[PDB]
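What follows is a set of notes on a single structure, which appears directly below.
If you read the sequence from its start, that first residue is 1, and numbering goes on from there. Indexing begins at 1, ligand by ligand and atom by atom, following the structure's order. All heavy atoms count here, side chains included; hydrogens, waters and symmetry mates do not.
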Amino acid sequence: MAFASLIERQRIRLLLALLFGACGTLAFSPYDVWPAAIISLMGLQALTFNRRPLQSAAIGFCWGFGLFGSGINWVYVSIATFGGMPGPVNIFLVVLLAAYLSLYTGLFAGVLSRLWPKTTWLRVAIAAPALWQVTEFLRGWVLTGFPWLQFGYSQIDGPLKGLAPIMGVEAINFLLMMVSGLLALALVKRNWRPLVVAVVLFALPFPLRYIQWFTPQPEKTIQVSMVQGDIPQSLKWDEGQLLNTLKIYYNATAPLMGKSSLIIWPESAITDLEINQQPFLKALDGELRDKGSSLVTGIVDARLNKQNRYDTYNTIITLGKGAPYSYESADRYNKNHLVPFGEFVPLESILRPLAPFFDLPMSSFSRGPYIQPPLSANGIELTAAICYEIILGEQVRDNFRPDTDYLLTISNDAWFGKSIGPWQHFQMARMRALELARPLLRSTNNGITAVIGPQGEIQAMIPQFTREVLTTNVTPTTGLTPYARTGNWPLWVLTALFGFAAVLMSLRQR
Ligand SMILES: CCCCCCCC/C=C\CCCCCCCC(=O)O[C@@H](CO)COP(=O)(O)OCCN
């Protein structure tokens, strides 16, 4: 009914911004509709056409609220099981988190329409990808960051997956924003010329998916076993369950010894402190060496500092053949990027008492080094990353080394819930394997335990929410991708070149 005048209304565009924003959630792992990434990003740039900077900022905020209000709505489950706050309060925090993350999308659309008001190819293909890179960086950097729901991860199986090993996932974000803008420009203004450019730019990286930046090593093939303990989150941290948790993991591991060269346990599989479990770990370490097996397990360690102080770390320790266990051994990985409000108090302003008050046990962890040596287990180099750290592509690459055999991640996705949460985390983990051309060994308490191939494919996987062991043969790969050699700087040079060119034209055109 008179769409020409109906679309001009600001309220109509705000309502459509929610719909197009929420459409981007369909691009990620539980749904895997990668065209929805383009459709969602076409609504972010078509609806902001011919708007005042404040009007465009509101449209960008509503688009972000639609994406984050439906994409990370699973945070309610994590908030529900943390602190035990009332239901209305938990709903408020999820809305507050979605509103906060939507500021960057609102900031992007406000600045984009402020400096490039005209609906031209410069705005959508040059200014938008460069400004999207900056605002997405800020979202993942400000206040410890939260770079969730980046559309580049939707192309893990799409035509643009070949661009990830060369320039990273953030380059797929750069190209998706460029292609979507040209399609939006070709649609709002009836003109096939930006349509052809978008299709050509989208089809150019397709042959890149057939390039193998790695070499398989069949001579070093091993049998890896990952024990999905499936320990309930409510009972995970209890004195009585400590014996049961150790018994469950040990009983599932004894048959694996000898048959499996590498055995992996999830994040914080041993819920007790590392110093409190020395007789158990020493006996376990000795038994593993007899049968020639190595165990890589997560554990909480409260290491006494020099100044008579305890620094609690979320650590991964290694036992068995190729890695003798000792409390002073450097063959360990301490988690560096702690989860905000779950492992530390942000900025520790006054630490005023509140309803949560760190209700969940072990909520005062410390930070490990940003760059740590790879774990060694039975002559195997593993680049470790605990849970959330696997989505930090640049941090994983910095810890990545040319002699790394596998990428290793252990997580406890019970906080993500029983919904799209664990899958979105799993999809971002698969990107690390694609970018670095290394097999990914992902072990979770009850989440998505899987082995990811060097090209991002799911080599093996087991169902969630069950007590099962994933035993499979995995082959290490060697060779450096262009992303592994360089990192994100070649994209930041491109962002600077596109940003500098676009800003110059903005200044030239008044
Ligand atoms: C203004 C900016 C912000 C706006 C408002 C934000 C509102 C909500 C924000 C944050 C709340 C989310 C907190 C979720 C906690 C998840 C962390 C966690 O418990 O992680 C576990 C997952 O693995 C660690 O493993 P575990 O062994 O199970 O440990 C048990 C814990 N000692």
Whether [Y] and [X] form a salt bridge (side-chain N of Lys/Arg under 4.0 Å from carboxylate O of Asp/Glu) is what I want to check.
{"X": "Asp238", "Y": "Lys236", "answer": "no"}
{"X": "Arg430", "Y": "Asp157", "answer": "yes"}
{"X": "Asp413", "Y": "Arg442", "answer": "yes"}

I'd like to check which ligand 1 atoms, numbered from 1 as shown, lie under 4.0 Å from a non-hydrogen atom of [X].
{"X": "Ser268", "answer": "27 (O)"}
{"X": "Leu93", "answer": "7 (C)"}
{"X": "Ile79", "answer": "8 (C)"}
{"X": "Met362", "answer": "31 (C), 32 (N)"}

Filter on salt bridge (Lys or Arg N to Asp or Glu O under 4.0 Å), then keep only pairs touching residues 450-473, sequence neighbours left out; what's left?
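As it turns out, there is no salt bridge (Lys or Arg N to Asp or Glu O under 4.0 Å) pair with a partner in residues 450-473 once direct neighbours are skipped.
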
Contact list for residues 325-339, test salt bridge (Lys or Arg N to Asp or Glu O under 4.0 Å), sequence neighbours left out
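Residue pairs passing salt bridge (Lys or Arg N to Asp or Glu O under 4.0 Å), neighbours aside: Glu274-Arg332, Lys335-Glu343.
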
Hey, is ligand 1 close enough to [X] that some N/O pair sits below 3.5 Å?
{"X": "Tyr100", "answer": "no"}
{"X": "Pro340", "answer": "no"}
{"X": "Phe341", "answer": "no"}

Assess whether side chain to side chain donor-acceptor pair (under 3.5 Å) is satisfied between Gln133 and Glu170, documenting all intermediate values.
CA-CA 8 Å; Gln133 175 68 26; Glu170 294 181 347; 3.1 Å; yes

Would you say [X] touches ligand 1, if touching means a heavy atom closer than 4.0 Å?
{"X": "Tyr388", "result": "no"}
{"X": "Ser411", "result": "no"}
{"X": "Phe82", "result": "no"}

Ligand 1 versus [X], non-hydrogen atoms closer than 4.0 Å: side chain, backbone, both, neither?
{"X": "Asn412", "value": "both"}
{"X": "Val94", "value": "neither"}
{"X": "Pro361", "value": "backbone"}

On the ring face of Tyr327, is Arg303 found with NZ or CZ under 6.0 Å from the centre and within 45° of the axis?
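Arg303 over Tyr327 ring: yes.
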
Once you round to the nearest 0.5 Å, how far does CE of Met177 lie from CG of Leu112?
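These two atoms lie 7.0 Å from each other.
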
Counting heavy atoms only, which of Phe416, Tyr76, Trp415 is nearest atom 19 (O) of ligand 1?
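Going through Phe416, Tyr76, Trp415 one by one, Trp415 has the nearest heavy atom to atom 19 (O) of ligand 1.
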
